[PDB]
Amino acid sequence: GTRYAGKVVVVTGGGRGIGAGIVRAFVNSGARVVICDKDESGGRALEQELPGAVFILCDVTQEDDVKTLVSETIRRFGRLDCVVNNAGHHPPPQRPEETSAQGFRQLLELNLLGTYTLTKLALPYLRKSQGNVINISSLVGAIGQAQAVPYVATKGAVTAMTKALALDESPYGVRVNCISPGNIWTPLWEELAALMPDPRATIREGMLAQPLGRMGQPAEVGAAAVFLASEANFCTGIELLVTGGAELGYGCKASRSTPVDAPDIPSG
């Protein structure tokens, strides 16, 4: 209700999906929230619906959009307390031979270097407020994922970069943490499934990947982000898993293209 009252928070990719759930969660905690998104439609709708949230058109891959975002946030609101690096993209499934260096580079621009660029420009102001940084990584950065070599690499980089930043910024009292969601039901998840030959079978497999038996919601990642910013004052460099237990226990991992012998020869 007031656990982050009056703090200024920038959320990239805040126009829909997990980012919108983060935006709403910080607004509910009393923060001034600057929505950064390359897409005007969702951000403008959130800005008009939510007082306390304002929208600034900004592509995190463009160094000058991020410089203007930072310049305007300070110019209009006087401080910066929290940066949530959520803007990111997951390509459709691609085998390694179906990936290109050019595509990998483009994905690093958004998923990693957008996060790096905003953080670097935000730090001189976060140091002044003893603010904090929250990166939205992914569970697959930690455990891998099939048909997603470029995406998995960008998220492995984000999680590692979070720890290096935590070390670099701890002398100023600036905490740097990441959230690693598993399967969260979002427009991105829906758009990816709709590319499959059986979208709802894909969605059901995504639900069965969790011991809890469902996907997560954006509001649940949002609650984790407000916790990290407002009540985790002894946490830095941590990776907070919001995954429904997907990393626990044994499961069916041999793919449908993987030769598997009958169970009379169990170990080759």
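Note that residue numbering begins at 1 and tracks the sequence as displayed.
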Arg256 left out of the model in a third or more of other PDB entries = yes
Would you mind comparing 71 to 79 and 109 to 117 for me and telling me which has the higher average C-alpha temperature factor in the entry?
-> 71 to 79
Of 44 to 52 vs 212 to 220, the stretch with the larger average CA B-factor in the entry is 44 to 52
Could you say which of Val66, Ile238, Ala201, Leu228 has its CA atom at the highest B factor, as listed in the PDB entry?
-> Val66
Of the three thirds of its chain by CA temperature factor, lowest, middle or highest, which one includes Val33?
-> middle
Taking the C-alpha B-factors as the PDB entry records them, is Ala25 in the lowest, middle or highest third of its chain?
-> middle
Position of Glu98 among the chain's modelled residues by C-alpha B-factor, lowest, middle or highest third = highest
When the modelled residues of the chain are sorted by Cα temperature factor, does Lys128 land in the lowest, middle or highest third?
-> highest
Relative to the other modelled residues in the chain, which third contains the C-alpha temperature factor of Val242: lowest, middle or highest?
-> lowest
